[PDB]
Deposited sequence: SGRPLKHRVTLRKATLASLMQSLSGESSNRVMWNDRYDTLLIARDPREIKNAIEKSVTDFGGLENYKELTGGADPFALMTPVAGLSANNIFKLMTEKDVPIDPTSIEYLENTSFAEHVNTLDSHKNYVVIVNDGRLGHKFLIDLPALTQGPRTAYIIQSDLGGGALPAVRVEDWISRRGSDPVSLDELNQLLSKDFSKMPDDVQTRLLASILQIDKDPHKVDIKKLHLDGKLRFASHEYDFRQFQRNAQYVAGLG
């Protein structure tokens, strides 16, 4: 119960560094075939400069993207956060490409977790076709945490990763409730059951009224994959990102 203090201090350190231009662009970059720690800020900035120049300059670019300045300090949508925190957590010395990971489809979350060694840390990347979402489930060496952000177009309201970590990042989540939600039967459940499950696991203030199930894809596909990780490794990767200044 002393590592959870470290886990929080690491996540807090990481989220705060993200006010840094360098830390912001390296954390949330989208090159997956490379080690996250191999990411060079200056290089990443030249490639944006390249893009902008190629399109006729900043004003003209901001016209195309509909107002979005590629240099701004960003906050990631669910996919980009999930993919990137995934790398940051699992990588040591070999690039892991969340794009090309094989997912389990014909396996319950409940029966999958039972195969997992309890003396190891796991991170579950969840690609949820019912919510149109993608988030992470941290499984320290059972205890479970959610790492997510959300654009807000779905049943869940928009949430910035920094705010999610800060309010819900070190708040464990019911193992069994995750089993209910990460079930193919979830689509069949009573409206209020769905609503409270979503509220309890994925809403920042655990509030059923902030959830709108009408926006669910009842036929969407649930898919997930897990991966073990060294806590030391994740710490160190975090330190790299947080130390860019």
**Report entry** Stretches with no C-alpha position, numbering per deposited sequence from 1
**Finding:** 1-5, 147-151
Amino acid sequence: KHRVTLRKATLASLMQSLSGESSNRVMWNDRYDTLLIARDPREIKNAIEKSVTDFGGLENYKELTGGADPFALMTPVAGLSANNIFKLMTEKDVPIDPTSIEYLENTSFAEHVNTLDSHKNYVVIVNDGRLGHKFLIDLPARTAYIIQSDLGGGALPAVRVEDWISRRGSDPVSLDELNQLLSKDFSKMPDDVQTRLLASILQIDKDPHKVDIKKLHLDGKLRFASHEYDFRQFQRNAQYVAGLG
From here on, numbers count along this sequence of modelled residues.
Report summary line: Mean Cα B-factor check, 102-110 vs 81-89, entry values; winner is 102-110
Requested in this report: Take the C-alpha B-factors listed in the entry for 227-235 and for 21-29, compute each mean, and give the stretch with the larger one.
Outcome: 227-235
Report summary line: When the entry's CA B-factors for 131, 165, 173, 74 are compared, the highest one belongs to 173
Report task. Could you say which of 203, 34, 187, 51 has its CA atom at the highest B factor, as listed in the PDB entry? Result -> 187
Query raised in the report: Sorting the chain's CA B-factors, does residue 181 end up in the lowest, middle or highest third?
Result: highest
Query - Where the record places residue 47 (Cα B-factor, split into thirds across the chain) - result: lowest
Query raised in the report: Where does residue 117 sit by CA temperature factor within its chain: lowest, middle or highest third?
Result: highest
Report task. Report the third (lowest, middle or highest) to which the CA temperature factor of residue 15 belongs, ranking only the modelled residues of the same chain. Result -> lowest
Query raised in the report: Hey, what third does residue 59 fall into on Cα B-factor, ranked over its chain?
Result: middle
